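**Student:** This one is an experimental structure. Sequence first:
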Amino acid sequence: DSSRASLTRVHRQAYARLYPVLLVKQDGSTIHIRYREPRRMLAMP
Amino acid sequence: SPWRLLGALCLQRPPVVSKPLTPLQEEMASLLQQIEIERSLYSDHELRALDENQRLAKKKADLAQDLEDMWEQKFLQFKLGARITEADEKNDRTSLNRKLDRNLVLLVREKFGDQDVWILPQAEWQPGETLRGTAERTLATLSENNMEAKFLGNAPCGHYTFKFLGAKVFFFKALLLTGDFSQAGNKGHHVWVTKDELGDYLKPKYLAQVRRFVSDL
Amino acid sequence: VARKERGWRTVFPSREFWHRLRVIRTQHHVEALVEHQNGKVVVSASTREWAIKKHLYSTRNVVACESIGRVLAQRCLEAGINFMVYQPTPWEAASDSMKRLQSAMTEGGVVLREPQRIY
Amino acid sequence: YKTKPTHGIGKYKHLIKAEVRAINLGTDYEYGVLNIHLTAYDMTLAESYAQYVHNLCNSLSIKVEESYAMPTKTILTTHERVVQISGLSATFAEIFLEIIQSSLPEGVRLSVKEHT
Amino acid sequence: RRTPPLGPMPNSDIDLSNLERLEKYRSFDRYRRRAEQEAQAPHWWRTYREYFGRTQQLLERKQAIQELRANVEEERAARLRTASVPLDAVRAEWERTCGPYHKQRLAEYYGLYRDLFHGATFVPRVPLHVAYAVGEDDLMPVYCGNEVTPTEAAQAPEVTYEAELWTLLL
Amino acid sequence: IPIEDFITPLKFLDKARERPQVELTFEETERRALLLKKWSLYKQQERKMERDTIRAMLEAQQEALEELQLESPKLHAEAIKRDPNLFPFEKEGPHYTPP
RNA sequence: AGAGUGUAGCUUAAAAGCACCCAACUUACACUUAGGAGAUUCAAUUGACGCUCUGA
């Protein structure tokens, strides 16, 4: 059960868009995160 | 009464990969993204997309597409590590990567004389030994590896006592932090099981009732 | 002309009426009472009643309260009762189902306010 | 009245408690105050998971002192939520921690660190 | 000089050492419920009340409501809160089922039993219907406890009731 | 230090004119309603499952401590003793793609 | 194999009332408001269907 606290929404009302940008830190490990300017993937060098 | 003093352990693998979603959770997630968009408040990404092409229409009447295209192709560059090393193997029961989204439980054959039983891994304890220390000794004994597990407490989880000389069987619950599980093709018969094969591999009442303290999720 | 119990000023609700409309919203059922000061229930209408229950979708919603308001009001016109007091809690006052209940009662023929005592 | 049998029928201040180390004495053992830090790159998953933790704790009869949040950091931004807990059992330490383990959505980490 | 209480004191059994382990009235409404229940209980001190006081049915009913909630317009109308209720069906079926107990309440409230029979209560099983002629067009009905003028009641009324001898009395 | 970050950024005031348009249809709100209804069904079934697990496992460990108490009266005293290894206890959340 | 048995979670409730879940206000909880799902194991007080405990 890793999907309960995932079905979310921004509970604020003074918020801009967020976009499900897949992030990798260094390990080829993708996580869906919401960030400004709809990126599709990330890597921290 | 001479008690055959038996300790044991029930080993857990925490899933590194998340579970897939319900289709109802799919429709609800899509709905939350729609209604989440509906109440947002002027993201600068669209301010650098919507009004900019309006101003370019004003300049032509008298780049966001490149950013999206680069993000799309760079999305096409890095392939995803596949969440399924599960159906291709299909018989690597000894391997730690048999499943990724569920819990995995250690489970070892034991050959006795009066019995011959496929058992959740045990040990034999001494009154001097701590029960937690019995399970700590149980960790790096039977597998013959360099794992790194983790317990929680000296509280047990599931007790089953069978006789034929008195006896008792105590079931703890550990949790694998990491594993330097050297030479996974052992001579031992450790098998990692999700939940369903525990009702397959383990028939009797002292073993068909382990799943009521296995974290089923 | 009859006395109302004038007193009871530190305590909710006021006992100063002749007839009270008391709504009992349970988990499953909406319920509506018409009582004296005695506590003698004069006229009731619940959804725990086959005549009203079967024509409803759910026994607890705003439709249940408008229904039980029509039914309660029609039952009270034929009891010679024309004046209740309804005293809600300030959240039950601003609920939709009790505004709908009150609109059902007033449109039904019952004034939810008693005439004063003539001294 | 002080001499009647109904004396003190109206008293109520013994019914309101109008008012830290761990208590592990000899038989009845319990943790002190705790801290559960929730760090994520998402406001949504951290807040919502803190909700799920908080509603578990209210649904299992645990004193939850605070549920505050820590300030974020310039890095991407890392978000934190602190949901304090005081008082568990031996069995309830295991059973309570296994669900918080087995309910994490996506990449959000835990802490069973205590106060100070 | 203390004298000990006669029966049990209130707030005795819930009085424990760990109040913080006891779940509390989170609301106003729950306290009002429990509080009214304790008001209605018989006590030993002096109180205000001293001085100022088969299977086929559930089968067809379960299948009947189960058929009732299955229609799409009933759910869609009820969620848009424009669904209503026919008052006539409820009226006639009320005349059939539980009407007699309610007419028993109205006869007890209006003191018909303490005066008409010295307290010998009974249940009006027959759904009687009496109405007075108001000219030729319409007619004033008599329900339990109505107001009717003696001009409307100048002439003897029409009595209709569904039954099978009888003696009627006013 | 009482500095938090629930304070709203000042930029979210002026240009609030991108989406004043919120219009739907009947069947969109009908399907939205059926998602909320059947999703409360789904979530309720979930907490029935988890409550069943906490009940089952909690009774399992209490029965275990009873048997361990009645078969070893010097081990149920130490079964209650807590571990000092659970002050810095951590676990990171799951991922998608293995390294 | 025997014994205890039996309404949805609980009921010396008789198809009820509290429990329960989602949605909204809340950091969140709580309150409140809008909704949701519910049951008397099957046949004649009696037997036989499902559970628990004691057996081999």
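**Tutor:** Nice, thanks for sending it over. Residues are numbered from 1 along each chain as shown, chains lettered A, B, ... in the order given.
**Student:** how about stretch E:46-61, does it reach RNA strand G?
**Tutor:** Yes. In this structure, stretch E:46-61 sits against RNA strand G according to C-beta under 7 Å from any atom of the strand; the contacting residues are E:57, E:58, E:61. C-beta coordinates here come from the backbone N, C-alpha and C atoms, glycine included.
**Student:** which residues sit against that stretch?
**Tutor:** If you take C-beta atoms under 8 Å, 6 or more residues apart in numbering or on different chains as the criterion, stretch E:46-61 is touched by C:38, C:50, C:54.
**Student:** same check, this time on stretch B:206-217
**Tutor:** In this structure, residues lying in contact with stretch B:206-217 by C-beta under 8 Å, 6+ apart are A:1, B:10, B:12, B:19, B:102-103, B:105, B:117-120, B:157-158, B:160, B:162, B:169, B:171, B:173, B:195, B:198-199, B:202, D:98, D:102, F:53, F:56-57, F:60-61.
**Student:** now the longest helix along chain C, how far from the chain's geometric center?
**Tutor:** Under DSSP state H, the helix in chain C containing the largest number of residues is helix C:62-77. Taking the mean of its C-alpha atoms, helix C:62-77 sits 9 Å from the chain's own mean (C-alpha atoms, centre = their mean, to the nearest Å).
**Student:** Would you mind listing what in chain E touches chain C?
**Tutor:** E:28-29, E:32, E:53, E:61, E:64-65, E:68-69, E:74-75, E:77-78, E:81, E:83-87, E:89-91, E:93-94, E:96-98, E:102, E:105-106, E:108-109, E:141, E:143-147 (C-beta under 8 Å from any C-beta of the partner chain).
**Student:** Buried subset of the contacts of stretch B:206-217, written for ChimeraX?
**Tutor:** Provided next is the ChimeraX selection string for whichever of these are buried by 16 or more other C-beta atoms under 10 Å in any protein chain shown:
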select /A:1 /B:10,12,19,102,103,105,118,119,120,157,158,160,169,171,173,198,202 /D:98,102 /F:53,57,60,61
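**Student:** Which members of the contacts of stretch B:206-217 occur in strands, if any?
**Tutor:** Assigned to strands by DSSP state E, the following of the contacts of stretch B:206-217 qualify: B:117, B:118, B:119, B:158, B:160, B:169, B:171.
**Student:** The last one against residue B:138, yeah?
**Tutor:** Meaning residue B:171. No. Because the distance of 11.3 Å does not satisfy C-beta atoms under 8 Å, residue B:171 is recorded as not touching residue B:138.
**Student:** Which neighbours do those two have in common?
**Tutor:** Overlap between the neighbourhoods of residue B:171 and residue B:138 consists of B:8, B:9, taking contacts as C-beta under 8 Å, 6+ apart.
**Student:** Tell me which residues are up against stretch B:52-72.
**Tutor:** A:37, A:38, A:39, A:40, A:41, B:45, B:48, B:49.
**Student:** again, only this time at 6 Å
**Tutor:** Outside stretch B:52-72, the residues within contact range by C-beta atoms under 6 Å, 6 or more residues apart in numbering or on different chains are A:39, A:40, B:49.
**Student:** quick check, distance from it to the centre of its chain.
**Tutor:** Using C-alpha atoms, centre = their mean, the distance from the centre of stretch B:52-72 to the centre of the chain it belongs to is 47 Å.
**Student:** buried ones in that stretch?
**Tutor:** B:68, B:71.
**Student:** Kindly list the longest helix within chain B.
**Tutor:** Determined from DSSP H, the single longest helix within chain B is helix B:23-38.
**Student:** which residues sit against that one?
**Tutor:** The contact list for helix B:23-38 (C-beta under 6 Å, 6+ apart) reads A:3, A:7, A:9, A:10, F:35, F:39, F:42.
**Student:** Quickly check: the strand or helix carrying residue B:46 near chain F or not.
**Tutor:** Secondary-structure element containing residue B:46, defined by DSSP states H and E: helix B:44-47. No. Under the criterion of C-beta under 6 Å from any C-beta of the partner chain, helix B:44-47 makes no contact with chain F; the nearest approach is 6.9 Å.
**Student:** What's the local residue count around the residue nearest to residue E:86 when sequence neighbours are not counted?
**Tutor:** Using C-beta to C-beta, 6 or more residues apart in numbering or on different chains and skipping the chain neighbours, the partner closest in space to residue E:86 is residue C:55 (6.4 Å). The criterion is other C-beta atoms under 10 Å in any protein chain shown. On that basis, residue C:55 has 19 neighbouring residues.
**Student:** just checking, residue C:55 touches residue E:85?
**Tutor:** Yes. Applying C-beta atoms under 6 Å as the test, residue C:55 and residue E:85 come out as touching, 5.0 Å apart.
**Student:** what about the strands in the chain?
**Tutor:** Let's take chain A. A:19-23, A:31-35.
**Student:** please go with chain E instead
**Tutor:** Under the criterion DSSP E, chain E carries strands at the ranges E:129-134, E:138-142, E:158-160.
**Student:** what about whichever residue of chain A sits closest to RNA strand G, neighbour count?
**Tutor:** In chain A, no residue comes nearer to RNA strand G than residue A:11, which is 4.0 Å away by C-beta to the nearest atom of the strand. With neighbours defined by other C-beta under 10 Å, the count for residue A:11 comes to 11.
**Student:** before we move on, the earlier item: the longest helix of chain B near RNA strand G at all?
**Tutor:** No. Contact between helix B:23-38 and RNA strand G is absent, the nearest approach being 8.4 Å (criterion: C-beta under 7 Å from any atom of the strand).
**Student:** and that helix, which residues are buried?
**Tutor:** Buried residues in helix B:23-38, counting neighbours by 16+ other C-beta under 10 Å, are found at B:25, B:27, B:28, B:29, B:31, B:32, B:33, B:36.
**Student:** residue contacts, the nearest residue to residue C:80 once chain neighbours are set aside?
**Tutor:** Distances taken as C-beta to C-beta, 6+ apart put residue E:145 closest to residue C:80, at 4.3 Å, once the chain neighbours are dropped. Counting by C-beta under 6 Å, 6+ apart, residue E:145 touches C:79, C:80, E:106, E:110.
**Student:** What subset of those is buried?
**Tutor:** With neighbours counted by 16+ other C-beta under 10 Å, these contain buried members at C:79, E:106, E:110.
**Student:** Those into CSV, with extra columns for distance to chain D?
**Tutor:** Conversion of the buried ones among the contacts of residue E:145 to CSV gives the following (distance: C-beta to the nearest C-beta, whole Å):
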residue, distance to chain D
C:79, 39
E:106, 38
E:110, 38
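**Student:** and which of those is nearest residue B:41?
**Tutor:** For residue B:41, the closest of those turns out to be residue C:79, at 57.0 Å, with distances computed as C-beta to C-beta.
**Student:** The closest one should be in a strand, yeah?
**Tutor:** No. When DSSP: H, G, I helix; E, B strand; the rest coil is applied, residue C:79 is found to be coil, with no strand at that position.
**Student:** So which bits of chain B are right by chain D?
**Tutor:** Residues of chain B lying close to chain D by C-beta under 6 Å from any C-beta are B:18, B:152, B:153, B:155, B:215, B:217.
**Student:** Closest one to chain E out of these, please.
**Tutor:** Closest to chain E out of the residues of chain B next to chain D is residue B:155 (21.0 Å), distances taken as C-beta to the nearest C-beta.
**Student:** Distance of the closest one relative to chain C?
**Tutor:** Using C-beta to the nearest C-beta, to the nearest Å, one obtains 37 Å as the distance from residue B:155 to chain C.
**Student:** Do I have it right that that residue meets residue D:94?
**Tutor:** Yes. With contact defined as C-beta under 6 Å, residue B:155 and residue D:94 form a contacting pair (5.4 Å).
**Student:** Check the gap between residue E:113 and residue E:38 for me.
**Tutor:** Residue E:113 sits 30 Å away from residue E:38 when distances are taken as C-beta to C-beta, to the nearest Å.
**Student:** residues near residue B:175, how many?
**Tutor:** When neighbours are counted by other C-beta under 10 Å, residue B:175 registers 20.
**Student:** what's in contact with stretch A:31-45?
**Tutor:** A:18-25, B:45, B:71, B:74-75, B:78, D:41-42, D:106-107.
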